[PDB]
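Right, one structure below, let's go through it.
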Amino acid sequence: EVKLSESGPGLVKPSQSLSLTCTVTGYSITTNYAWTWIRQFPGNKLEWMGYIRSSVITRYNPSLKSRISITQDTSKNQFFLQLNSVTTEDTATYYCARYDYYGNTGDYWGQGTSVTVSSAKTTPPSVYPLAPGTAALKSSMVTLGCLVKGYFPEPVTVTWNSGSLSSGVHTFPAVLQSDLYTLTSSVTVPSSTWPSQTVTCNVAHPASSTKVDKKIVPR
Amino acid sequence: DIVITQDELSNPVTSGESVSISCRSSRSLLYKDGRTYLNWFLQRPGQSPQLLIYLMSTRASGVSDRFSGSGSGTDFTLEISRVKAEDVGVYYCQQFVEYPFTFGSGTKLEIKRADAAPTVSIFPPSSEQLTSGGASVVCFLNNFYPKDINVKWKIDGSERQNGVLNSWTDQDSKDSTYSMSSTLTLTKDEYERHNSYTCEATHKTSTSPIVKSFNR
Ligand SMILES: [Zn+2]
Ligand SMILES: [Zn+2]
Ligand SMILES: [Zn+2]
Ligand SMILES: [Zn+2]
């Protein structure tokens, strides 16, 4: 099928240039579709940035002045976004999508890539296991968790047992403080599954190219 | 230049009920071809926008028939028939007539369901964190409804408000409940100075708070 995937640095210093890439698979970008960039600011406000269609035709949002550029690499079936002189106001989640003349995008949207414009430094997270102090209600359920603390910038991805454990999972929104984020994730499973079965939280922090796997062990 | 308005939220809708979401444009979206260029999107937490309707009333491929669009040229409505827990999220309309192709501010669909008491779990700092000189005590308050809830931390019986950070999840897509995390962060030295740590939850579902604690 046709898939779009955004890629690029998740942190850019103010006044510098932001470059993102959207790799298209399953469909040629040399077609007459609006290969576009859209961004969503913290707060959820959505803004259309521009598009490139038929390999050589573009259109940009006037609000972006002359600092935006959309180009493509036909040989790699990728199109790009370049935004110069960024400020903290450009902090947002960037998405690529394929719009047709009628406004129909189908399910042709990327997963979105977070970009933070800040002078703060990149910091990998410390991952701590959250195991119950003693033995709660037996023959029932038990909640475990992982505390992902002190990282920058957002985001981190958290999964349990490499993704084989997804139900009963709650990963909370991160809280920012002193230029560092902290987040937690809880997972609830039958008192028969743990500690009988291993439960591990997998944390990834793209910005620091770091990955941590913390097994939850009884106190 | 075209501005589109939408209500921030909708009255809570019960599963099974149908609801209409509104969107109004400052200019007509009807084009010289007889078609009205208006899109309707649904975005779930952490998910990319999903197109539901384009050309004001044409359902996108694979979109449930429970979704339908109608309207004139300045007033549009998205009707969601027999709402399900899965439909929770924010609904955005987008005009596709002139540049820029501005989006509405979005309307969050809020589901209504039976009251549910939170499941409270408290966790002592891990040995790994204590080696860093820091000590975080975590409390999870899971699957409750309504979203309104209060959490209090007590150390050796005395309430502690400083160093507390809370985080709430969006409404769950499966059971329509909410969850919250509360973290009390202390230095290891301070944590070592006390014995009893308690997380107290006060929710509409009960007169008496739900207490969870441990002794260091
Ligand atoms: Zn393919
Ligand atoms: Zn090339
Ligand atoms: Zn849930
Ligand atoms: Zn003290």
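Below, read A as the first sequence line, B as the second, and so on, with proteins coming before strands; counting in each chain starts at 1.
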- prompt: What residue, out of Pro49(B), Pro100(B), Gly46(B), has the most heavy-atom pairs lying under 4.5 Å from chain A?
  reply: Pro49(B)
message: Counting C-beta onward and ignoring hydrogens, is there a side-chain heavy-atom pair between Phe41(B) and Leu46(A) closer than 4.5 Å?
response: no
Most contacts with chain A, counted as non-hydrogen pairs under 4.5 angstrom, among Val63(B), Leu51(B), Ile53(B): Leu51(B)
- prompt: Can you tell me how far the CZ atom of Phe123(B) sits from the CD1 atom of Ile216(A), to the nearest 0.5 Å?
  reply: 9.5 Å
field: Toward chain B, the part of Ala131(A) with a non-hydrogen atom under 4.5 Å
entry: backbone
Chain B contact via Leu144(A) - which portion, at a heavy-atom distance below 4.5 Å: backbone
query: Do you know which of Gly43(A), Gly103(A), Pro155(A) has the most heavy-atom pairs with chain B at a distance under 4.5 angstrom?
result: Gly103(A)
query: Can you tell me if CZ on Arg66(B) sees more than 12 non-hydrogen neighbours from other groups inside 6.0 Å?
result: yes
- prompt: In Å and rounded to the nearest 0.5 Å, what is the CD1 to CG distance from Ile122(B) to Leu130(A)?
  reply: 11.5 Å
- prompt: If you count heavy-atom pairs under 4.5 Å with chain B, which of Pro129(A), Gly110(A), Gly112(A), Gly50(A) comes out on top?
  reply: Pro129(A)
N/O donor-acceptor pairs between chain B and chain A, cut-off 3.5 Å:
residue   : atom : partner   : partner atom : Å
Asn39(B)  : ND2  : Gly103(A) : O            : 2.7
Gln43(B)  : OE1  : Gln40(A)  : NE2          : 2.7
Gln43(B)  : NE2  : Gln40(A)  : OE1          : 2.9
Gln43(B)  : NE2  : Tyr95(A)  : OH           : 3.4
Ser48(B)  : OG   : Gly110(A) : O            : 2.7
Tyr92(B)  : OH   : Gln40(A)  : NE2          : 3.3
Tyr92(B)  : OH   : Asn44(A)  : O            : 3.2
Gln94(B)  : OE1  : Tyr99(A)  : OH           : 2.8
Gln94(B)  : NE2  : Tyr99(A)  : OH           : 3.4
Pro125(B) : O    : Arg219(A) : NH1          : 3.0
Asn142(B) : OD1  : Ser186(A) : OG           : 3.4
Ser167(B) : OG   : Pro173(A) : O            : 2.6
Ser181(B) : OG   : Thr184(A) : OG1          : 2.9

